Amino acid sequence: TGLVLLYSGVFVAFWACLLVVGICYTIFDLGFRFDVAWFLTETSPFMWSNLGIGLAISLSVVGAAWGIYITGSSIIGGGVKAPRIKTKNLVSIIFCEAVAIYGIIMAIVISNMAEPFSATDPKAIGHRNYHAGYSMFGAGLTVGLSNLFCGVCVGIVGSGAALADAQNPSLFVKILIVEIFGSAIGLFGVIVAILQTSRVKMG
Amino acid sequence: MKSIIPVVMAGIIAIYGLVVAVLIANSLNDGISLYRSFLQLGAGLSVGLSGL
Amino acid sequence: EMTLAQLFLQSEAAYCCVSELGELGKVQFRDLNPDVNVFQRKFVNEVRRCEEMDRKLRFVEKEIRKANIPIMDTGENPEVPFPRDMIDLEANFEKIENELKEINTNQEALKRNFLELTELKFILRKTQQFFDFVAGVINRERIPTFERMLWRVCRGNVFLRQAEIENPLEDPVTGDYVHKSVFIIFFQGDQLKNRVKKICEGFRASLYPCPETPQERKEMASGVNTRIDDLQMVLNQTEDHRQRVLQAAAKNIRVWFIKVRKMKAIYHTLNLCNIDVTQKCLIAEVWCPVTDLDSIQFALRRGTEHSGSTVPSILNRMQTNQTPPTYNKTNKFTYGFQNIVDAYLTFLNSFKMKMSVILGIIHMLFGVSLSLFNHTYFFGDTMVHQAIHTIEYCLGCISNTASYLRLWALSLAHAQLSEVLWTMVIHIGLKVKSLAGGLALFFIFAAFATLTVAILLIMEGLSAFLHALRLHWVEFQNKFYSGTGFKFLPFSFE
Amino acid sequence: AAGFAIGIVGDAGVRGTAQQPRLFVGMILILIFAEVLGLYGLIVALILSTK
Amino acid sequence: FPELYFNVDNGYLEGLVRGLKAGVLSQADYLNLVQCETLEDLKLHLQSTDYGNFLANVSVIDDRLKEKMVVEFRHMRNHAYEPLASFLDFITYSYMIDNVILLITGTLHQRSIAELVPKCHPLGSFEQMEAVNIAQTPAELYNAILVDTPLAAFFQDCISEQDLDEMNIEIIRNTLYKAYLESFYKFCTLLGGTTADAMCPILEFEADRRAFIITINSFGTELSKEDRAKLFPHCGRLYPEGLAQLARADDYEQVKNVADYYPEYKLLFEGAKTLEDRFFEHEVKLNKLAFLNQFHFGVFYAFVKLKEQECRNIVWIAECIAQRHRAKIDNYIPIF
Numbered sequence: 002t003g004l005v006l007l008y009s010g011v012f013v014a015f016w017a018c019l020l021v022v023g024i025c026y027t028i029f030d031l032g033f034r035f036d037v038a039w040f041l042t043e044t045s046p047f048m049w050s051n052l053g054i055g056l057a058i059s060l061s062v063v064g065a066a067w068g069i070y071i072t073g074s075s076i077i078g079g080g081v082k083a084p085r086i087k088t089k090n091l092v093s094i095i096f097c098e099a100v101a102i103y104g105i106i107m108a109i110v111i112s113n114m115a116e117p118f119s120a121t122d123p124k125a126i127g128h129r130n131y132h133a134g135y136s137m138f139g140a141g142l143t144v145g146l147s148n149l150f151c152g153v154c155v156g157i158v159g160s161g162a163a164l165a166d167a168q169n170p171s172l173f174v175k176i177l178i179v180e181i182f183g184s185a186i187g188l189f190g191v192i193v194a195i196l197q198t199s200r201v202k203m204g
Numbered sequence: 053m054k055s056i057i058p059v060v061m062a063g064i065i066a067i068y069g070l071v072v073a074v075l076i077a078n079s080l081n082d083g084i085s086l087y088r089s090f091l092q093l094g095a096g097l098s099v100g101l102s103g104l
Numbered sequence: 009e010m011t012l013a014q015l016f017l018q019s020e021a022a023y024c025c026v027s028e029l030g031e032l033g034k035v036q037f038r039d040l041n042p043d044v045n046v047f048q049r050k051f052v053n054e055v056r057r058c059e060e061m062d063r064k065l066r067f068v069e070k071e072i073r074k075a076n077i078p079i080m081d082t083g084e085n086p087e088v089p090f091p092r093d094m095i096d097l098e099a100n101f102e103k104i105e106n107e108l109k110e111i112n113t114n115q116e117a118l119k120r121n122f123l124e125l126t127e128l129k130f131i132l133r134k135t136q137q138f139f140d170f171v172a173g174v175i176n177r178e179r180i181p182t183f184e185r186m187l188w189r190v191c192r193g194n195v196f197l198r199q200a201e202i203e204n205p206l207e208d209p210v211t212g213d214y215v216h217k218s219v220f221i222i223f224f225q226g227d228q229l230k231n232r233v234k235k236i237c238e239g240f241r242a243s244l245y246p247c248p249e250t251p252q253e254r255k256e257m258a259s260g261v262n263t264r265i266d267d268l269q270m271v272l273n274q275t276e277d278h279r280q281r282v283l284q285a286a287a288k289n290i291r292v293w294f295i296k297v298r299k300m301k302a303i304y305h306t307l308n309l310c311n312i313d314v315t316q317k318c319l320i321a322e323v324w325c326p327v328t329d330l331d332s333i334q335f336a337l338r339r340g341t342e343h344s345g346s347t348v349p350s351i352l353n354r355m356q357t358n359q360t361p362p363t364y365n366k367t368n369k370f371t372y373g374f375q376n377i378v379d380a381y530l531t532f533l534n535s536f537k538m539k540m541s542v543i544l545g546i547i548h549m550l551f552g553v554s555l556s557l558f559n560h561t562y563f714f715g716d717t718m719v720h721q722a723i724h725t726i727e728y729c730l731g732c733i734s735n736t737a738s739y740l741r742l743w744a745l746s747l748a749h750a751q752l753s754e755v756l757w758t759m760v761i762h763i764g765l766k767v768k769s770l771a772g773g774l775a776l777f778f779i780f781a782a783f784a785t786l787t788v789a790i791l792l793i794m795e796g797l798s799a800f801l802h803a804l805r806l807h808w809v810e811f812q813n814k815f816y817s818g819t820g821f822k823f824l825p826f827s828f829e
Numbered sequence: 105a106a107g108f109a110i111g112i113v114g115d116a117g118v119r120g121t122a123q124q125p126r127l128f129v130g131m132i133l134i135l136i137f138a139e140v141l142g143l144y145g146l147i148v149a150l151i152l153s154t155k
Numbered sequence: 004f005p006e007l008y009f010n011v012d013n014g015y016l017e018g019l020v021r022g023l024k025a026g027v028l029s030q031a032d033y034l035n036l037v038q039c040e041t042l043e044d045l046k047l048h049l050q051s052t053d054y055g056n057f058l059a060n067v068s069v070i071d072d073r074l075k076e077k078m079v080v081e082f083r084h085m086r087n088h089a090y091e092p093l094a095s096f097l098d099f100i101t102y103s104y105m106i107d108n109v110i111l112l113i114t115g116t117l118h119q120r121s122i123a124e125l126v127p128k129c130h131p132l133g134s135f136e137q138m139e140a141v142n143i144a145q146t147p148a149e150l151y152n153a154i155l156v157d158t159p160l161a162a163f164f165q166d167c168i169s170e171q172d173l174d175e176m177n178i179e180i181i182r183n184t185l186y187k188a189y190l191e192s193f194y195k196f197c198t199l200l201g202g203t204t205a206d207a208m209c210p211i212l213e214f215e216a217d218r219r220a221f222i223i224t225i226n227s228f229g230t231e232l233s234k235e236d237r238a239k240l241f242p243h244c245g246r247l248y249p250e251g252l253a254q255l256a257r258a259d260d261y262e263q264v265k266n267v268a269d270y271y272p273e274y275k276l277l278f279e280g281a288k289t290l291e292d293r294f295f296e297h298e299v300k301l302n303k304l305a306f307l308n309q310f311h312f313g314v315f316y317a318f319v320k321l322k323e324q325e326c327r328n329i330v331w332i333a334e335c336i337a338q339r340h341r342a343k344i345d346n347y348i349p350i351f
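Residue numbers (PDB author numbering), protein chains in the order written: chain b, 2 to 204; chain k, 53 to 104; chain a, 9 to 140, 170 to 381, 530 to 563, 714 to 829; chain g, 105 to 155; chain d, 4 to 60, 67 to 281, 288 to 351.
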């Protein structure tokens with residue numbers, strides 16, 4: 002592997018700096034200089050909030066587009082000898098496209114609750130406002146990344162069902178139940194996402 | 053039964069770590085000095101990593 | 009303390025001496041003609057004769073179980089059969105062999121004869137009932182799809198008669214115990230005969246010739262009636278002839294095993310004789326204990342009398358440079374314990538470590554002192720060898736005495752988990768306020784009964800037992816034992 | 105570590121016991137030595153959490 | 004983890020070779036071809052299957074069948090990018106080795122390159138690397154031409170001066186096949202995951218056929234026990250121990266008891288169907304098992320070794336029909 006040596010050469014190196022930077026903050030006295038409080042407070046509540054709206058739709062469709070091309074190559078691959086697959090097995094495309102709907106439904110919801118203010122001090126920016134910031138990041142993270150994983154889930158099973166239906170016509174309606182449990186995780190993403198943004202209000 | 057002698061000598065490496073681990077855990081106390089603690093950290097790395 | 013002391017034979021006493029010598033079990037016959045193939049060992053023609061009776065015995069022990077006959081044992085070490093009796097055995101062994109091989113092929117042809125004639129007999133009644170060309174038999178499960186195909190490809194028609202036979206019959210492999218049905222293929226055309234015979238084989242129907250004329254059907258029905266009952270007579274008469282010689286074999290095969298198996302064993306040692314040289318007398322170069330030199334010689338004097346030979350055999354003594362194989366007591370509750378070695530909180534920490542280290546030094550002291558008594562019992716390369724001898728003892732005993740420190744620390748592992756186990760037994764189960772004394776203590780005391788033995792006695796027990804072997808093998812047998820070894824392997828019975 | 109040590113020889117043991125029944129007593133020996141590593145972690149976890 | 008990729012590059016070609024698996028004649032397809040009685044009726048039933056209209060224009070059944078599996082194999086190699094195009098090149102090396110030994114014979118006996126086109130397998134062919142077409146030089150100035158061919162790295166155990174009649178014609182095929190099986194195992198070990206547990210069991214048994222069939226025919230021959238030792242591929246299950254006891258064999262039962270140490274290769278020595292008809296049914300049992308796994312490259316090599324069984328079986332049906340000896344017609348390999 003050539004290009005994998007770059008990421009595995011940086012991740013070991015960056016962790017090796019942060020290890021020895023870590024045993025040189027404690028060992029002198031300089032743990033007061035670390036300040037995870039100053040990192041979460043002084044930056045913004047908007048950098049977390051606006052990233053979460055972006056990661057809500059974008060990381061869902063990067064699983065939805067991932068789910069399409071895995072089984073879309075297997076539709077046209079088996080479709081050469083068995084052309085009857087092109088009508089029945091398009092629901093495998095839909096279940097790896099309805100995951101993108103779960104993002105865009107959520108992404109409008111999280112953007113509906115973001116509102117500006119005038120404060121610039123982390124004591125003026127109250128805990129009602131900072132909690133509104135991270136909750137958009139967390140709910141945008143769990144509707145984006147979980148939809149990525151259920152997007153690749155139904156796509157891989159969709160590629161296998163396109164190959165199994167090429168050999169036998171009666172099989173595809175039996176393997177379709179596997180794609181339901183794969184696409185059920187997309188349903189499990191949005192229930193968390195609205196619940197993390199239920200009690201949230203900015204201002 | 054003749055070929056169990058390599059895997060038991062790897063078992064000596066485990067109890068070599070277990071001997072040191074109960075020594076460092078029993079010398080632990082609230083408010084030990086910094087010279088006391090750094091001696092125990094290099095004691096744990098020496099038996100463990102050479103045992104690795 | 010063995011000797012390769014020579015022993016002479018005379019070939020009139022080559023069986024009856026060796027057999028009573030093999031009825032003792034203290035002898036270690038050694039082959040001293042290795043420059044020869046596996047054949048031409050003086051007796052290859054006769055050991056195959058024992059092997060042919062062995063092949064007949066391994067075959068007759070299989071067929072005695074398929075008829076499910078109880079086997080007599082009467083367990084005792086019998087008398088080994090002489091070569092005088094050997095030729096009389098193959099008359100008796102092959103009599104049982106040829107009769108039972110013939111019968112199982114004859115009864116299967118007779119059973120095939122019995123089912124075919126009964127299948128032909130049942131179609132004679134049903135068709136003469138319907139009467140008052171092809172006739173054949175087909176099973177009930179395939180008859181509606183048969184007439185659907187018969188109407189299809191014949192397509193003029195054949196007037197099919199449907200009539201089901203009674204209680205199920207069986208053709209031997211197809212079909213096993215099914216009630217079938219007859220049919221009638223008249224059609225009068227003699228061209229569609231080809232177009233129905235393919236269908237009769239395609240549906241796997243069994244067809245038989247019917248006489249087709251009136252009162253000859255009942256004539257052949259009377260004929261097959263007398264033929265079947267005579268066939269029914271001889272079928273069971275072969276069967277009562279069968280079981281009367283199975284139980285005659287059942288009183289035989291158990292002792293008949295150890296007749297020839299003892300003969301095949303001693304004849305294999307008759308292949309192991311000296312060099313097959315130049316006269317009608319033999320030599321044997323065996324390993325023998327000095328404590329048993331007299332008892333094997335009186336047994337050798339016993340063996341020459343059992344053949345009736347007038348000349349006793351002798352026993353020469355000598356000395357050479359070869360392996361002295363080991364021999365000892367071999368006691369019963371000493372057999373398994375010998376075979377294992379033949380395979381090869531702060532105050533307690535300071536005290537139990539040093540006393541165990543001196544105990545390992547004491548175990549190494551008793552081991553290294555045994556090397557001096559073993560050495561008393563009997714330059715450039717000597718320097719590099721004794722350097723490897725000495726300094727591997729130097730750094731080696733450190734790793735030995737470090738592995739003596741575990742047997743206190745494993746007891747510290749024994750102590751801590753027993754309290755946690757103990758804690759569950761004394762705390763989660765018994766400290767329940769309302770519903771304790773019934774279902775709550777019962778599942779926890781069962782965990783105190785069953786779950787502690789698998790964890791503290793099974794796996795912790797076997798590991799320390801495997802550790803104690805390592806304390807014996809690499810830490811105690813490395814001081815005096817040379818570890819070369821050579822076993823005795825006496826000429827046994829079974 | 106005990107989970108890694110079990111999987112390698114547990115796979116190697118069941119690939120061999122289909123080929124020879126003699127290994128089935130020797131397979132359970134090496135699996136015990138792959139299990140006591142997890143037991144050594146437990147008894148030091150208990151002695152570190154009581155204090 | 005190595006399965007959510009591999010459909011970037013080999014998505015379409017994987018579904019293609021699964022579609023060509025359905026064109027394999029099944030068990031019910033085999034039964035109707037036994038019922039044939041002439042070659043014209045053999046032409047009629049094959050028109051019902053996927054082969055149809057291939058005899059529109067008994068030894069012509071040999072060529073017109075195997076020419077179909079060449080163009081089907083050549084069409085698959087035209088679309089594999091880089092993770093697979095070298096892998097399909099490894100399947101052709103078994104046919105290039107059988108071609109090149111056929112070529113050094115006419116080179117040694119001064120029989121020119123005019124016999125090359127009609128008398129070689131089209132799978133491993135020489136229609137590129139045009140230096141080999143011109144070479145008539147007697148096997149020493151041709152080995153310098155031979156290294157401009159992907160069989161060059163397998164000739165590192167072939168000394169050029171050892172080629173000139175000191176080695177037998179058959180011996181140089183097996184030590185080239187020995188060099189071929191070590192490389193294709195190591196190449197399939199560099200690839201990991203699903204193509205390393207569905208393919209390497211096939212290559213272990215294929216190296217163990219070359220363990221047994223060598224020593225069972227090396228009895229009356231005057232090749233010593235050190236010659237058959239280095240003609241064994243050091244690849245399969247028999248490597249550290251079974252290769253040692255096969256050298257000292259000298260007898261048919263002495264190769265049987267060394268196969269009795271493995272329960273897979275015993276119960277296959279009960280042919281006592289012959290031995291190679293029992294090794295063939297286990298081989299197609301392994302190639303059928305490779306069709307279970309999905310995201311791996313072993314589905315292509317399992318297709319070719321089964322497609323050569325398809326061209327083998329139809330000819331054996333045809334040879335029992337044309338010679339009218341269909342009492343042994345049921346001795347084919349029913350792969351599906």
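Where a beta carbon is used, it is the ideal one built from N, C-alpha and C, also for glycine.
C-beta atoms of residue i and residue j nearer than 8 Å
i: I86 (chain b); j: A167 (chain b); result: yes
i: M137 (chain b); j: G64 (chain b); result: no
Three-way DSSP call (helix, strand, coil) for residue i in this model
i: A188 (chain d); result: helix
i: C237 (chain a); result: helix
i: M137 (chain b); result: helix
i: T88 (chain b); result: helix
Cβ shell of residue i (< 7 Å), same chain only, five flanking positions each side left out
i: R354 (chain a); result: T11 and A13
i: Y135 (chain b); result: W49
Element boundaries [alpha helix (DSSP H), containing residue i]
i: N176 (chain a); result: Where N176 (chain a) is concerned, there is no enclosing alpha helix (DSSP H), although the beta strand (DSSP E) it sits in stretches over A172 to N176.
i: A31 (chain d); result: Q30 to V37
Cβ-based burial, residue i [other Cβ within 10 Å; buried from 16]
i: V100 (chain b); result: buried
i: residue 61 (chain d); result: For chain d, the structure lists 60 followed at once by 67, and that leaves residue 61 (chain d) out of the model.
i: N308 (chain a); result: buried
i: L28 (chain d); result: buried
i: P242 (chain d); result: buried
First and last residue of the uninterrupted beta strand (DSSP E) at residue i
i: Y87 (chain k); result: Taken as a continuous stretch (DSSP letters only), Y87 (chain k) belongs to no beta strand (DSSP E), being part of the alpha helix (DSSP H) at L86 to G103.
i: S218 (chain a); result: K217 to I221
6 Å CB neighbourhood of residue i in its chain, flanking five on each side removed
i: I350 (chain d); result: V299, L321 and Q324
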